[PDB]
Amino acid sequence: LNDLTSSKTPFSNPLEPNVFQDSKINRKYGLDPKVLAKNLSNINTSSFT
Amino acid sequence: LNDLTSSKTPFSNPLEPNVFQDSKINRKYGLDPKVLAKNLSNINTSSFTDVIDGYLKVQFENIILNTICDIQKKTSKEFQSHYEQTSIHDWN
Amino acid sequence: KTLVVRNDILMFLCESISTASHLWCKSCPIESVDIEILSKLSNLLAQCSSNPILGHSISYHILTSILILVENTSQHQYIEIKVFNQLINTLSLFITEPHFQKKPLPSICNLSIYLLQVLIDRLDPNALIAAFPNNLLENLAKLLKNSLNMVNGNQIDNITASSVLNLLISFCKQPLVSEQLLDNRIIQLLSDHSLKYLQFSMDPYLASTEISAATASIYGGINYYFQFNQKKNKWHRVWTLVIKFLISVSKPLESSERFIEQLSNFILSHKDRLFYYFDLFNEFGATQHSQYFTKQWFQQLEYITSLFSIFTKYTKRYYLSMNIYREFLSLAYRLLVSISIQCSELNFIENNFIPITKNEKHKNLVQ
Amino acid sequence: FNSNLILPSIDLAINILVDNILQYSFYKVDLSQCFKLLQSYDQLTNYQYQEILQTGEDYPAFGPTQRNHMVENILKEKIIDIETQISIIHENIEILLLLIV
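Chains as they are written, first to last, in PDB author numbering: chain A4, 50 to 98; chain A1, 50 to 100, 107 to 147; chain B0, 1496 to 1595, 1626 to 1751, 1763 to 1903; chain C1, 1492 to 1496, 1609 to 1704.
So this is what it looks like as structure tokens:
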């Protein structure tokens, strides 16, 4: 589903990434890319016995 | 000031970025690398553009350059009427 | 024979003769040019061309004074054949014999080419044949191969190649000179892939990143200290002039199998460069940013489709057995489909087409 | 160092490497303080002049030109002491990487 959705998103060139779109989308749906990043950086291989 | 303030911040080992503190600071002051650098990518070098004797020289150069520019207008009408005339006669 | 001091004094005078000649033509509408002034300047130029102790700047001001008098003749003043044949020999010298070393000022050879073109574009057609220097086409062809190989630097030879191709386009007004263009092999020369200007003549512009890369990779020494405005390609103009040359040469030569041969050989060598201007209409079908399609590019298609409209007039069966006739049929159908779309979308023609440069804007303002 | 993650085990070389990397980072901030002090000695606070000279209740007596000369030479010595320990601790880091590998 990562492959099958990433192939459906018309992502911009990563040198031309549209500022206003994710700035709308992340504040709309709640996808804070610092909170989601912190909540992932504190999960590692050493988190599971 | 970048060199100076970097020589005042105790930055952790770059293998140990304190994401607990960074996620405090980037919500307190509102700083956002995923918005800030995302404006910065869209501001590159191609985002910016440029816009007695020397007077007698520049007038003389203008006299030659306009004369040659107007000859390059003359032959630029002559070819075109002769082209479109032949282009009609062909199908006739 | 005895004083260099006469040179710079004669230069300060030719500077003044040039200044006064301009201020006369820009002030009096010339019903008749003074043939004694034109004679005096023609002799002084011929004297300056006989004597390499006289500085090239003197000859450049005399040539400028003569050009400023000549195109300001009324279109019903024919110049006297004795003064015209004196000029044609001296103007040929500044085209055949550039290297007396110091390099010459290339502005003199180009100014002589413009004065020669203006004299052709003022004559009895039947008189040029009775004043033509035999060696002139052979050394214009050398000057063309040398300038299409950039032997004096990317901005100097671009002007030389441009000026020679406009002079050649004015010679194509004459059948017997166009017959000589085939046996001076000037089409077989324009088919030649060794000509360095070809590398620099795909696109109508140049990028920001090309300009550092294509200078740092050339100038490894000789330490001399010294809205987006895209630098429209100067060698694309030379490609436009090469395609216009063939569209002039074809007209007197509707019976010449040597023209059909050298045209087929030019179409064979430049094939995929001639096709790129058509298959770009596939690439803009998805994801290419909306580039401002210029009148110069639509005129390159006006000219190249006319070259194919000419070639399809003459092709014996042996050419129709080549895949090139299936490929031309494919290109003609691709371009007719994409134009059938764009001619339905009249709105595409009214949003995307801007007259860009100060000179494109000025031609609309004049007309 | 033995294999494990009697002789000591290779945990010892890794912990000594981390503590030397940390000390190498500290002395480079501290050198970056001593060179800043040497670039502003005539503009240090009276408290910074006490922090460097530490001359008891005699500290009032010394004149400014005297204090500035004494601090300028104490800062020369302490820069040479620190640039020396920075060498020894870089070379510890290279020796420890070589020992672990």
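All C-beta atoms, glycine included, are put in the ideal place defined by N, C-alpha and C.
*Since I believe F1795 (chain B0) is in contact with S1786 (chain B0) (beta carbons under 8 Å), could you give me their beta-carbon distance rounded to a whole number of angstroms?*
7 Å
_I'd like the span of the alpha helix (DSSP H) that includes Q1680 (chain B0), first residue to last._
First-last for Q1680 (chain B0): undefined, no H or E at that position.
*Select from the stretch 1763-1794 of chain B0 all residues with a C-beta closer than 8 Å to any C-beta belonging to chain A1, and list them in chain order.*
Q1763, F1764, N1765, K1780, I1783, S1784 and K1787
*Going by beta carbon distance, what residues of the same chain come within less than 8 Å of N1900 (chain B0), once the five residues before and after it are set aside?*
Excluding sequence neighbours, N1900 (chain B0) sits near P1891.
*Measure the beta-carbon distance from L1636 (chain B0) to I1645 (chain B0) and round it to whole angstroms, keeping in mind my assumption that it falls under 8 Å.*
Wrong, their Cβ atoms sit about 15 Å apart, outside the cutoff.
_Chain-ordered neighbours of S95 (chain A4) on chain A1, where CB pairs are closer than 9 Å_ = Per Cβ cutoff of 9 Å: no residues; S95 (chain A4) is ~15 Å from chain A1 at best.
*For the alpha helix (DSSP H) that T58 (chain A4) lies in, which residues bound it at each end?*
Premise fails: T58 (chain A4) is in no alpha helix (DSSP H) and is neither H nor E.
*Which value, in whole angstroms, describes the spacing of the CA atoms of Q140 (chain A1) and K1698 (chain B0)?*
14 Å
_Start-to-end residues for the alpha helix (DSSP H) that takes in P63 (chain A4)_ = First-last for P63 (chain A4): undefined, no H or E at that position.
*Nearest residue (CA-CA) to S1516 (chain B0), options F1657 (chain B0), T1497 (chain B0) and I1563 (chain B0)*: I1563 (chain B0)
*Between the stretch 77-86 of chain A4 and the stretch 68-77 of chain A1, are three or more C-beta pairs nearer than 8 Å?*
Touching, yes, given that three or more Cβ pairs across the two stretches are closer than 8 Å.
*Scan the stretch 50-77 of chain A1 for residues whose Cβ lies nearer than 8 Å to a Cβ of chain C1 and list them as they occur along the chain.*
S56, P59 and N62
*Assumed close pair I1512 (chain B0), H1556 (chain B0) - CB separation to whole angstroms, cut-off 8 Å*: Between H1556 (chain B0) and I1512 (chain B0) the Cβ distance is about 7 Å, and since that is below 8 Å, they are a contact.
*asked:* Within 10 Å of its beta-carbon, does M1675 (chain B0) have 16 or more other beta-carbons around it, so buried, or fewer, so exposed?
replied: The residue is buried, with at least 16 neighbouring Cβ atoms inside 10 Å.
*In angstroms with no decimal places, state the Cα-to-Cα distance between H1718 (chain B0) and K1897 (chain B0).*
35 Å
_Contacts of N91 (chain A1) in chain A4 (Cβ-Cβ under 9 Å)_ = Near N91 (chain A1) (Cβ distances below 9 Å), the residues of chain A4 are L64, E65, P66, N67 and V68.
*Distance CB(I1619 (chain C1))-CB(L1699 (chain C1)) smaller than 8 Å*: yes
*Give the DSSP-derived three-state secondary structure of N1493 (chain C1) in the structure shown.*
strand
_Residue from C1634 (chain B0), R1647 (chain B0), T1591 (chain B0) and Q1642 (chain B0) with nearest C-alpha to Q1572 (chain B0)_ = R1647 (chain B0)
*Can at least three beta-carbon pairs, one atom from the stretch 1565-1585 of chain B0 and one from the stretch 1662-1670 of chain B0, be found at a separation below 8 Å?*
no
_Among the candidates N1887 (chain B0), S1560 (chain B0), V1643 (chain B0) and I1532 (chain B0), whose CA atom is the shortest distance from the CA of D125 (chain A1)?_
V1643 (chain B0)
*asked:* For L1549 (chain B0) and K112 (chain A1), I'd like the C-alpha separation in whole angstroms.
replied: The alpha-carbon atoms of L1549 (chain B0) and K112 (chain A1) are separated by roughly 21 Å.
*Would you report the Cα separation of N93 (chain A1) and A1741 (chain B0), rounded to the nearest angstrom?*
21 Å
*Mind the definition here: the stretch 1730-1737 of chain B0 touches the stretch 1704-1712 of chain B0 only if three or more C-beta pairs lie below 8 Å; say whether that holds.*
The answer is no - the stretch 1704-1712 of chain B0 does not touch the stretch 1730-1737 of chain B0, with fewer than three Cβ pairs under 8 Å.
*So is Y110 (chain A1) in contact with chain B0 if we call contact Cβ pairs under 8 Å?*
no
*Pull up the DSSP beta-bridge partners for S1612 (chain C1), would you.*
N1493 (chain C1)
*Just reading off the alpha helix (DSSP H) that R1501 (chain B0) is part of, what are its end residues?*
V1500 to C1520
*asked:* For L1723 (chain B0) and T54 (chain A4), I'd like the C-alpha separation in whole angstroms.
replied: 45 Å
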